[PDB]
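No Cβ is skipped: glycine too gets one built from the backbone with ideal geometry, and neighbour counts run over all protein chains shown. What follows draws every value from the coordinates through simple rules; no lab data is involved.
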Amino acid sequence: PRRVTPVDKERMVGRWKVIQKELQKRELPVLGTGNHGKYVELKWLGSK
Amino acid sequence: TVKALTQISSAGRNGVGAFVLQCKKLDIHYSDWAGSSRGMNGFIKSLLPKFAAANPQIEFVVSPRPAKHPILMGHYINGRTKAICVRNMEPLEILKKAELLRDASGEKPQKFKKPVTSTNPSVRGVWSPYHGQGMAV
Amino acid sequence: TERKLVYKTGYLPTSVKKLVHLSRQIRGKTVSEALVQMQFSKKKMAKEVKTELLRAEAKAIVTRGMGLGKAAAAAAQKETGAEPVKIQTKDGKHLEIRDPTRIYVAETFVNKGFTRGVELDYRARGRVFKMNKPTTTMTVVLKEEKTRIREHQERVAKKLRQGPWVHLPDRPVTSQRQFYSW
Amino acid sequence: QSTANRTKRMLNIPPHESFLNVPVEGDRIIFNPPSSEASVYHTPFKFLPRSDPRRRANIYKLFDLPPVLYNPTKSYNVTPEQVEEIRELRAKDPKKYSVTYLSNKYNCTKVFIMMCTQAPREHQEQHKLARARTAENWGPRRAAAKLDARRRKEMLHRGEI
Amino acid sequence: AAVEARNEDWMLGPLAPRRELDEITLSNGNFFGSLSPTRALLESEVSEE
Amino acid sequence: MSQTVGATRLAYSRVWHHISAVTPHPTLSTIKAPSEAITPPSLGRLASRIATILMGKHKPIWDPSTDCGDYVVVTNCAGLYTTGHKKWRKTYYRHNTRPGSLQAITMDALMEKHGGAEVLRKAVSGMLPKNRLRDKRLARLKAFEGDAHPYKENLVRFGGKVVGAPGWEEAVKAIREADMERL
Amino acid sequence: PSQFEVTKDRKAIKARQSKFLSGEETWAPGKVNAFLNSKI
Amino acid sequence: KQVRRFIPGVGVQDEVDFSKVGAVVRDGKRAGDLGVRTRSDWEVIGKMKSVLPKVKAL
Amino acid sequence: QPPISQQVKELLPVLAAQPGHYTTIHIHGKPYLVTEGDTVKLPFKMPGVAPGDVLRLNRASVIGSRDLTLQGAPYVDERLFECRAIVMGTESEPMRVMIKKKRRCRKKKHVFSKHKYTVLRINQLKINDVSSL
Amino acid sequence: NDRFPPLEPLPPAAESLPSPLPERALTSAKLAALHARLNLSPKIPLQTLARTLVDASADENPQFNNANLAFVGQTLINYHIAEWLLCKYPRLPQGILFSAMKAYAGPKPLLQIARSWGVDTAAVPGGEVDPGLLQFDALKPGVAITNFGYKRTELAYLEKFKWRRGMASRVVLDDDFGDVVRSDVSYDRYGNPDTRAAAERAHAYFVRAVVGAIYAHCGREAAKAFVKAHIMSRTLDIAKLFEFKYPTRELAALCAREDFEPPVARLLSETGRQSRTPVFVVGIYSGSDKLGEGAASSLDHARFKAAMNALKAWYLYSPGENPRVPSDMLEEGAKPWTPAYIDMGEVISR
RNA sequence: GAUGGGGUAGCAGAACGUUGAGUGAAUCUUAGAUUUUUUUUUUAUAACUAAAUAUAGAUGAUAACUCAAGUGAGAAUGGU
Ligand SMILES: [Mg+2]
Ligand SMILES: [Mg+2]
Ligand SMILES: [Mg+2]
Ligand SMILES: [Mg+2]
Ligand SMILES: [Mg+2]
């Protein structure tokens, strides 16, 4: 019904369940950008 | 004493004894919004059902792909793929392209050089000047 | 497994066609050999290539940790009476490596930087031409002798893999015809 | 040439004269022994079992010998009692009673003297080292030519030459 | 520079260079892992908007 | 493609052929009767035949790019047969681009300095393709003035009988009759 | 480059060179080049 | 011999062997009418857990 | 049908008994020297065939072995041999561009050609026994 | 999440199972294609073709895996390939009879047969992967298939101290191909030479299982035809599996055993003697008959090559290209069986 | 089992591409939009598959149809 993403293919092959553990073991954002925040070095200098 | 070499294996000849269609999968990506996918939607509703019934040895996967042209990506046994963009093509033009992937193989296109390709030795051995009636200059 | 340092020298007051010959002279030599060839070279830039080649070595030892096994490697030769390694560079020069950590000039090239200035040349008939003052840089890639011992073993293995020379080779007949000619 | 078709014509070689004599108004089987080396699957009539019905006169019949190169003769000049002397002398003084000396004394092949006797290990290791010191005197150009001679001999027995 | 420094640690592994002991970057004159007074104090005058 | 699959070792080997410039040749002679009037192969008619062997064009696997030629040992080149007054009226020329340095020499005067072998090398050299294989092929033509040559052991044989020998044909037919005793 | 006044950054990298070569200090891989989560 | 082909304007053509001789073309709006094995036919084949080949045939 | 020659009926068993055999099939008049297992790449797109179709070839010009060779005047009789092939599909070539141009004329006309080819596979080549015929 | 619903509806307790459930095979498009690609009879359901892909490394239970299916299939392949090789080449030495068997039904060719069927492997075994993928675990080498061979008591001393192993004993102790018997997890690694063997071993067990699945459902004759179509149809030049040691001594012993007159090497034709690349064509004659022929660049090499060709012609004797097989009698009533040629053995020479 | 097939001056027909505009307050994008490259496939002045590098939620990109032109350059001792 929807677009097959690189995540869907890994799930079919079986790799995905292994990627979640490693990424979670290293505290990485499985399916997301995280909570770190955007780049704010040029913004603090007044970049337009 | 005759010692056996353990580094030579047999080679397969597809077609001799049993034939295996190289095309093993066919992806059919369409779009509900793109205008170039209007014909692909017609091929999926009228010509794909029966074309998929006559080829039971091919795995068909119909999935959407918005913001992208429609493509017919076929996967072959050799590991290579062939994707054909069918933008602005009528349904009967999609079927002529789908049959191109079915008949085709993963091998790359090559210029016509020699008709026959053989791997078995010559029934009449290769010419040798020492196995004939001699030649007098 | 192999250490490497890419060092880009400062802006030298010369051209590419002049410094190109001082970079091909130190290519392949050791840092000690090249520093002795720049000390006794009549070229004015040989003094700038010696200072920059000393800075590159100061970074290779601190940042990359190169050439820090002389005392340990020297023992295996005199303490155990071992035989040094005999290799052959890509050009065919035979070397005897007693210290695999010895730093050498693996790669080197020269680039042209900004224009130092512009000088006006006043010729006859009231003609004026601009003379561009050049300014070029040099980039040296330092590596240890472990890289040459590997590149040599690969060349040897590639030769022993090409098979021996056979007297009667089985050359192919690259022409097909739908009949027998013999 | 300019096109691939024109090249094929310039590089043409006509078929054998036997194929040009095509029959007319009928089919026939002609005898065309090719001027080529036959494979190993054409078993000679001497290796075919007596039961194999395929044994048959030459196809030609249905429609001195060349020079000698190697004809060895086996000789047995060493008696059982003489083999013991060869084993005592070899183990007594392997340097003086070499296999060449014993080969000439008893009129035998050098290989045979080694079949019934073997020098002591301390002497054999001395022989290998002798040939190992001679190999270090070879340069890169000769050491590579002697290695090919050993690789061509192995390839020959593997069916690759 | 962090895009090029992160790829080397992943590849070099136990041979990662000690950048803190390196010289200064002549492009700006800053040491490794150090800002500049103009950027650490934000003393750069900005527009009215 | 099966025709080429096999061992092409012997198809590309260099065969050492032999011909005498004095032996009558019924095929390369213009006089074919009576038997006693048959002459040897003329200079140009002998060179035309040799050039075909040096090019390997007598082989069913000939290719102009592959150097599949053979050797040809020519003997008795001192008695090179020529018609008319070629020996004394034919001229060979030379020039080294310096005006006035035109060197001319007749066939007989050229056969006194370098013998008859040099006259046959010029005839064969002109009949070969003018390309980078011309010097390799022409080097495989070993011409001698008399009956002696260092290749009396290289000449192709068949059962111990050198080709062109009195009884070389009989030795060939005897080896083929033995090859028919197999499936 | 041979006439540039040596700054404090070049005076410090030369003292380290004499410490590693002599054997006083032992070289170790950097740990502040980048802050990765893998830490390998 | 021919394999099962789909004719655009005539429907699915079943395989035919001229050596043993039959061009039958089945058309319809349901998979069962085409004459091919559908998912329903594959489930009844899996539920026939009692079928077993003859002892001598094994 | 026309009876087979007596000379062919006495030598065919010797031909079919040797190790290897070859044949020169004729597709639309053009010859192709093939053997059992060879892959023929026809220089045209055979119309009305799909991968997996079996073709029975019946126009053989020469059928022979190492020593012997059977030759039919127009063609070898069909009752003597049985050669079959299987369609391995279709193959294409890389698009080649021909530029038709004349000196001192800027117009460059392009011709784009990309031909398809049918690939066969000789899976059977045997000589029949004519003891009954 | 809400925006990306699961494409394959599966229960929550699915990622923990060793392999997908049987009913999962009835909703995968890869099996339906693989079943029809091999032209398997409809008597083989999709649940059986799914069990032939679950290697023992993916499932430990005696069921749900491919252990017992591959064994029954290995017996048929090893059997139909053996009797066919003895009827086609009844004089093949025992050493080469193993390399020929391993060249046809070994892990190498079977790996190519599995790939020629379009079988894609799974990353890691789990209940989420579709049943149409060959699923195994290359990290666990503890998997093994019961073999009729026995373990050698001197195996420990065989590999360490280089003890001798006779060829005649391999028929009882060694395996079918002559080899000796019994010779959390982190995926932050690379491929190993052992994993390559485990992956190749998994593909071989699949092709063997398919012959076992056809045997249990379609019968015996159906399995023989399958093996006779995919495995026996492959090509192999047995002449290149030969490696001779002192062939001249063996040829002299062969003639001596068959009572033929001593072989004599004769120079049929030669050219280029005293050159860089000469050609010596010698032929070994047993009296008046020409046994073999050889053309090499050296006089000795030409005589040795002639002896090999004279031996290959003896060992490569074939009654016919398509000889009858003893298994052709247990089927429907066929013509009577005729005695086959039985070779006495290979020549053991000095 | 349709017929036809060189082309300058020149005439005629049918299309692609570029820039901006309308449908558009539309569609899509960290499950990767966009990335001047490379690669792959398709009768192909074009688009497409994949890969590598970087990282955007809109001052981003975009099919299809239509509208308007500062719309297509190996050639002007052309200009910068
Ligand atoms: Mg003035
Ligand atoms: Mg025309
Ligand atoms: Mg990019
Ligand atoms: Mg504008
Ligand atoms: Mg211009």
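Could you please find all residues in the range J:254-263 being surrounded by 15 or more Cβ atoms within 10 Å (Cβ to Cβ) and in a helix (DSSP H, G or I)?
Of everything in the range J:254-263, those that are surrounded by 15 or more Cβ atoms within 10 Å (Cβ to Cβ) and in a helix (DSSP H, G or I) turn out to be J:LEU254, J:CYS255.
So, in the range J:281-302, exactly how many residues are assigned to a strand (DSSP E or B) and within 13 Å of chain C (Cβ to nearest Cβ)?
Of the residues in the range J:281-302, 4 are assigned to a strand (DSSP E or B) and within 13 Å of chain C (Cβ to nearest Cβ).
Which of (1) farther than 25 Å from B:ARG13 by Cα; (2) aliphatic (A, V, I, L, M); (3) within 16 Å of RNA strand K (Cβ to nearest atom) does I:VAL119 not meet, given it meets every other one?
Unmet condition: (1).
Do we find a residue being hydrophobic (A, V, I, L, M, F, W, C), more than 9 Å from chain B (Cβ to nearest Cβ) and in a helix (DSSP H, G or I) anywhere in the range I:17-28?
Within the range I:17-28 (the criterion being hydrophobic (A, V, I, L, M, F, W, C), more than 9 Å from chain B (Cβ to nearest Cβ) and in a helix (DSSP H, G or I)), the answer is yes, since at least one residue qualifies.
Considering each residue of the range B:71-88, count those that are in contact with a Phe, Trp or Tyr (Cβ under 9 Å, 6 or more places away or on another chain), within 13 Å of another protein chain (Cβ to nearest Cβ) and more than 6 Å from RNA strand K (Cβ to nearest atom), and give that number.
Of the residues in the range B:71-88, 1 are in contact with a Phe, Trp or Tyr (Cβ under 9 Å, 6 or more places away or on another chain), within 13 Å of another protein chain (Cβ to nearest Cβ) and more than 6 Å from RNA strand K (Cβ to nearest atom).
Mind checking which residues of the range F:137-151 are over 18 Å from J:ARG276 (Cβ atoms) and exposed (fewer than 15 other Cβ atoms within 10 Å of the Cβ)?
F:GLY146, F:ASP147, F:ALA148
Restricting to the range E:17-37, count the residues that are at the interface with another protein chain (Cβ under 9 Å from one of its Cβ atoms) and either of a type outside the set (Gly, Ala, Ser) or within 16 Å of RNA strand K (Cβ to nearest atom) (or both).
Result for the range E:17-37: 11.
Would you check if B:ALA67 is more than 7 Å from every other protein chain (Cβ to nearest Cβ), surrounded by fewer than 22 Cβ atoms within 10 Å (Cβ to Cβ), part of a strand (DSSP E or B) and not acidic (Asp, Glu)? Even if it seems obvious, please write down each step before you answer.
Numbers: more than 7 Å from every other protein chain (Cβ to nearest Cβ): yes; surrounded by fewer than 22 Cβ atoms within 10 Å (Cβ to Cβ): yes; part of a strand (DSSP E or B): no; not acidic (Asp, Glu): yes.
Against the criterion (more than 7 Å from every other protein chain (Cβ to nearest Cβ), surrounded by fewer than 22 Cβ atoms within 10 Å (Cβ to Cβ), part of a strand (DSSP E or B) and not acidic (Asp, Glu)), B:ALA67 does not qualify.
Being of a type in the set (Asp, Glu), within 26 Å of C:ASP91 (Cβ to Cβ) and loosely packed, with under 15 Cβ neighbours inside 10 Å narrows it down to one of C:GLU2, C:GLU57, so name that one.
The match here is C:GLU2.
Of all residues in the range J:206-242, which are crowded, with 21+ Cβ neighbours inside 10 Å and in a loop (DSSP other than H, G, I, E, B)?
Within the range J:206-242, J:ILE231 is the sole residue that qualifies.
Please count how many residues of the range D:24-48 are more than 14 Å from chain B (Cβ to nearest Cβ) and surrounded by 15 or more Cβ atoms within 10 Å (Cβ to Cβ).
Result for the range D:24-48: 9.
Of all residues in the range B:20-33 being surrounded by fewer than 22 Cβ atoms within 10 Å (Cβ to Cβ) and more than 15 Å from B:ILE71 (Cβ to Cβ), which is nearest to the other protein chains (Cβ to nearest Cβ)?
This residue is B:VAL20.
Across the range I:36-72, what is the total count of residues that are more than 20 Å from D:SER35 (Cα to Cα) and not in a strand (DSSP E or B)?
The total comes to 17.
Kindly indicate whether J:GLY191 is among the small types (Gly, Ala, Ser) and over 22 Å from the mean Cα position of the chain (by Cα).
Considered against the rule, which asks whether it is among the small types (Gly, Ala, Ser) and over 22 Å from the mean Cα position of the chain (by Cα), J:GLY191 comes out as yes.
For residues in the range J:2-50 being of a type in the set (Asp, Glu) and within 16 Å of RNA strand K (Cβ to nearest atom), which is farthest from the other protein chains (Cβ to nearest Cβ)? Reasoning before the result, please.
Taking the range J:2-50 as the starting set, the residues that turn out to be of a type in the set (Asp, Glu) are J:2, J:8, J:15, J:23.
Then drop every residue that is not within 16 Å of RNA strand K (Cβ to nearest atom), which leaves J:2, J:8, J:15.
Numbers: J:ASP2: 12, J:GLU8: 7, J:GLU15: 5 Å.
That would be J:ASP2.
For a quick check of your reading: which strands (runs of 3 or more DSSP E) sit entirely within the range F:1-110 and have at least 1 residues that are away from chain C (no Cβ under 14 Å) and either among the charged types (D, E, K, R) or touching a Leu at 6+ places or on another chain (Cβ under 9 Å) (or both)?
The qualifying strands (runs of 3 or more DSSP E) are F:16-20, F:71-75, F:91-95.
Among the residues in the range J:75-82, are any within 13 Å of chain B (Cβ to nearest Cβ) and in contact with a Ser or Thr (Cβ under 7 Å, 6 or more places away or on another chain)? Step through it out loud before you land on a result.
Start the filter on the range J:75-82 by keeping residues that are within 13 Å of chain B (Cβ to nearest Cβ), which leaves J:77, J:81.
If we keep only those that are in contact with a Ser or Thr (Cβ under 7 Å, 6 or more places away or on another chain) as well, we get none.
Within the range J:75-82, not a single residue is within 13 Å of chain B (Cβ to nearest Cβ) and in contact with a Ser or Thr (Cβ under 7 Å, 6 or more places away or on another chain).
Being under 10 Å from F:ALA47 (Cβ atoms) and surrounded by 15 or more Cβ atoms within 10 Å (Cβ to Cβ) is the filter here; which residues of the range F:123-136 pass it?
Hits for the range F:123-136 are F:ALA123, F:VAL124, F:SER125, F:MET127, F:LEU128.
When you scan the range D:1-23, do you find a residue that is of a type in the set (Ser, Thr, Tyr), loosely packed, with under 11 Cβ neighbours inside 10 Å and either more than 14 Å from chain B (Cβ to nearest Cβ) or part of a helix (DSSP H, G or I) (or both), even just one?
Yes.
Between J:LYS102, J:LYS162, J:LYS108, which is at positive phi and either in a loop (DSSP other than H, G, I, E, B) or of a type outside the set (S, T, N, Q) (or both)?
Result: J:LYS162 is the single residue among J:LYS102, J:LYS162, J:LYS108 that is at positive phi and either in a loop (DSSP other than H, G, I, E, B) or of a type outside the set (S, T, N, Q) (or both).
Do you know which residues across the range I:43-77 are within 14 Å of chain H (Cβ to nearest Cβ) and among the charged types (D, E, K, R)?
Listed by number, the residues that qualify are I:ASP53, I:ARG56.
Within the range J:46-66, does at least one residue satisfy the condition of being surrounded by fewer than 17 Cβ atoms within 10 Å (Cβ to Cβ), of a type in the set (D, E, K, R) and touching a helix residue (DSSP H, G or I) at 6+ places or on another chain (Cβ under 8 Å)?
Looking through the range J:46-66, none of the residues is surrounded by fewer than 17 Cβ atoms within 10 Å (Cβ to Cβ), of a type in the set (D, E, K, R) and touching a helix residue (DSSP H, G or I) at 6+ places or on another chain (Cβ under 8 Å).
So which residues in the range J:113-156 are buried (at least 16 other Cβ atoms within 10 Å of the Cβ) and not in a loop (DSSP other than H, G, I, E, B)?
The answer is J:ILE113, J:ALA114, J:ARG115, J:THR121, J:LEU134, J:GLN135, J:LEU155.
Right, D:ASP52: in contact with a strand residue (DSSP E or B) (Cβ under 7 Å, 6 or more places away or on another chain) and charged (D, E, K, R) or not?
Details: in contact with a strand residue (DSSP E or B) (Cβ under 7 Å, 6 or more places away or on another chain): no; charged (D, E, K, R): yes.
No: the conditions fail for D:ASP52.
Restricting attention to strands (runs of 3 or more DSSP E) lying wholly within the range C:103-182, give those where 3 or more residues are within 24 Å of C:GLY69 (Cα to Cα).
In the range C:103-182, C:103-112, C:136-144 are the strands (runs of 3 or more DSSP E) which contain 3 or more residues that are within 24 Å of C:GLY69 (Cα to Cα).
Based on what the data block shows, is H:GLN13 over 12 Å from B:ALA53 (Cβ atoms) and within 14 Å of chain I (Cβ to nearest Cβ)?
Details: over 12 Å from B:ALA53 (Cβ atoms): no; within 14 Å of chain I (Cβ to nearest Cβ): yes.
So H:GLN13 does not fit the description; no.
Take J:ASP175 and decide whether it is closer than 25 Å to J:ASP137 by Cα and exposed (fewer than 13 other Cβ atoms within 10 Å of the Cβ).
No: the conditions fail for J:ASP175.
Show the residue pairs meeting these rules: Cβ distance below 7 Å; 6+ apart or different chains; first residue within the range D:80-102 and over 25 Å from D:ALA130 (Cβ atoms); second residue of a type outside the set (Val, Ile, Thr).
From residues that are over 25 Å from D:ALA130 (Cβ atoms), the pairs are D:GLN82/D:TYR106; D:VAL83/D:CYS116.
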